[PDB]
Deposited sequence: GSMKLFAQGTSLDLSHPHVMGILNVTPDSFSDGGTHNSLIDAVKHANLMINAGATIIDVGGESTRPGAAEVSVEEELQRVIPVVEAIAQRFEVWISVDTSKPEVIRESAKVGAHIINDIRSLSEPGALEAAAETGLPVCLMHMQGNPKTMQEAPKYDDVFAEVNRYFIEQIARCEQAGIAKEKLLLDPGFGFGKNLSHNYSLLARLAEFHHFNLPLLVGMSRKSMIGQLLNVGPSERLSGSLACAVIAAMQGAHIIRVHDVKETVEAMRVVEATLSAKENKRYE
């Protein structure tokens, strides 16, 4: 199980840690932070320029290009690391591919006008994330009859939608979208059955780091969630998740080494 982009590959026979690079002098700072994450063992850096704060204005395309593209460029021309770009905009997808981005990580699963066409044209790997609704209102009244089944249907549909637009299965990643239109119980139901998303035979990406599903469980603020975030990370990676998206790279990578040592000793190579 591998991904291919920009003339290199990513071997997903073991879990990978994706370091969050939020870019919502900031370019030098971004590069310093990317460097630190790389040294800590991050093998993918997720550059993100539009925040998902519910009440917030969406950023203009011109602002998102300014924040994201120089950052992706700087990293591509300085380090060997893979680069994911956190955008929903066709122009940012195109421009990012041109400066060396490896993965389009769209929380909206290319639902923006032109997004699907633009991603198809880059030939890059694409991460499809479940979200119910949109970021402005998704957390008001998250509701599911069966949250696993509903997220699973969604993946079937979006995969079909990507293949129709000319994007091959082999470029797709799936992410259940923890905290995107989900209460606490919804999130833990998905984490508990995460292994069951392997039937698609596609890489699994998860981002639980410092999210509400830890905050609400422990009643702590965003800077007290490391231990819970690691637990989430380990729970996911023990079920064969391929990419773990986190703030605290060093600590996550240490935990993943322990998961790898455990999975290596297992005949199965997975828990369910």
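Mapping the modelled residues onto the deposited sequence reveals missing stretches at 1-2, 27-36.
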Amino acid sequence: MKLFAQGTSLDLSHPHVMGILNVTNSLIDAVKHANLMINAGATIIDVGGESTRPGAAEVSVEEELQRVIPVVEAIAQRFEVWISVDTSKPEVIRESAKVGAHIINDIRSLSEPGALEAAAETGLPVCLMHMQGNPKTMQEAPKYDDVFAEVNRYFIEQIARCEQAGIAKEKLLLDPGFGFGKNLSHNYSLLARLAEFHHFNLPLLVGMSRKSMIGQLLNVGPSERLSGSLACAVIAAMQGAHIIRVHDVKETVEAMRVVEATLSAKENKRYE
From here on, numbers count along this sequence of modelled residues.
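Note that the rigid core is defined as the largest set of C-alphas that superpose within 1.5 Å between two forms.
Between 126-134 and 194-202, the larger mean CA deviation from the shown form in 8 other deposited structures of this protein, after core superposition, belongs to 126-134. The stretch that strays farther, by root mean square C-alpha distance over structures and residues in 8 other deposited structures of this protein after a rigid core fit, is 51-59, when 240-248 is set against 51-59. In this entry, the higher average B-factor at the C-alpha atoms falls on 32-40, of the pair 203-211 and 32-40. Higher average CA B factor: 116-124, of the stretches 116-124 and 189-197.
Between the residues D46, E224, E64, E58, the entry's highest C-alpha temperature factor is the one at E58. In this PDB entry, the Cα temperature factor of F79 sits in the top third of its chain's modelled residues, the highest group.
Ranked against the other modelled residues of its chain, the C-alpha B-factor of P176 as given in the entry falls in the lowest third. Placement of the Cα temperature factor of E73 within the chain: highest third of the modelled residues, per the deposited record. Among the modelled residues of its chain, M18 has a C-alpha B-factor that falls in the lowest third according to the deposited record. When all modelled residues of the chain are sorted by CA temperature factor, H242 is found within the lowest third.
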